[PDB]
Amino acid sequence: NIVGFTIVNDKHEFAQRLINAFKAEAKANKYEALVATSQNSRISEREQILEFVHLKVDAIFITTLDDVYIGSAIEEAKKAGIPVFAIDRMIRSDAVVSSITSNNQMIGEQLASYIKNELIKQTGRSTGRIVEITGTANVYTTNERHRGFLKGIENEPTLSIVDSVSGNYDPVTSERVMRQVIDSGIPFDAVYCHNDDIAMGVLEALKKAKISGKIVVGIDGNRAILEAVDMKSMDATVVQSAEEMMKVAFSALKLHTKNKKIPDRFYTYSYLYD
């Protein structure tokens, strides 16, 4: 009757979209939704998982801050026969039944091809100098988005990453670090942001430093970024589907209540908005 969901925080707009999607789908599946936010505190996330176990919920959904830190807590859920599903950010552990996320490697690849085409279309040149502002390290979504992009440019001699630094999916951190890249004097033609919060910071850094004409891309599909692209302050953003993640997640849960084989992971579709 009850499914618990703990997520890194209420800040990220995509996190809010995951929360709302969770509430809607739980209801649609006749489960009471219990939502908990860790507000960027691993201790709080660990305790929230342990509380869900103490409450003997039917299942635990998690969008983790650090999958390693909650390892023992998740194993505690497994011990109690409580299925745990990782949402948005994969968690590798036998205590996790399945991970439901976007195909982040594919996203990285699509953005690489996108930047390549936009460079030719917009600059009339083949050479491409890219700056990568990555997400929080040690988070699979970050590793996957980085790998996918590298994969998209590995066989492209005219394309390379000239600087890579972490923006930690945070607008303020991203602005400050993009600022450093700018002060670095390093010449670049494009900026690959690992998510829209990072993008908001990058645009601020570019706007304050009076730097335009750069191809800038993000991920998530958050309102402010969709409008940034609509106003052409930005080129494009890949829209993820919080709704689809929760629908697929609840379908996996159903399979589990039926004792059926469940894929280790599911990928939800995305759509490049330009």
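Throughout, we count residues from 1 along the sequence that is shown.
According to the PDB record, 174 to 182 carries the higher mean C-alpha B-factor of the two stretches 174 to 182 and 73 to 81. On average the C-alpha atoms of 147 to 155 have higher B-factors than those of the other stretch, with 147 to 155 and 106 to 114 being the two compared. Per the PDB record, 164 has a higher Cα B-factor than any other of 98, 101, 164, 195. Residue 44: CA B factor in the middle third of modelled residues in this chain (values from the PDB entry).
Residue 88: CA B factor lies in the lowest third for its chain, per the PDB record.
Split the chain's modelled residues into thirds by C-alpha temperature factor. Residue 142 is in the lowest one. Split the chain's modelled residues into thirds by C-alpha temperature factor. Residue 268 is in the lowest one. In the deposited entry, the Cα temperature factor of residue 247 places it in the lowest third of its chain's modelled residues.
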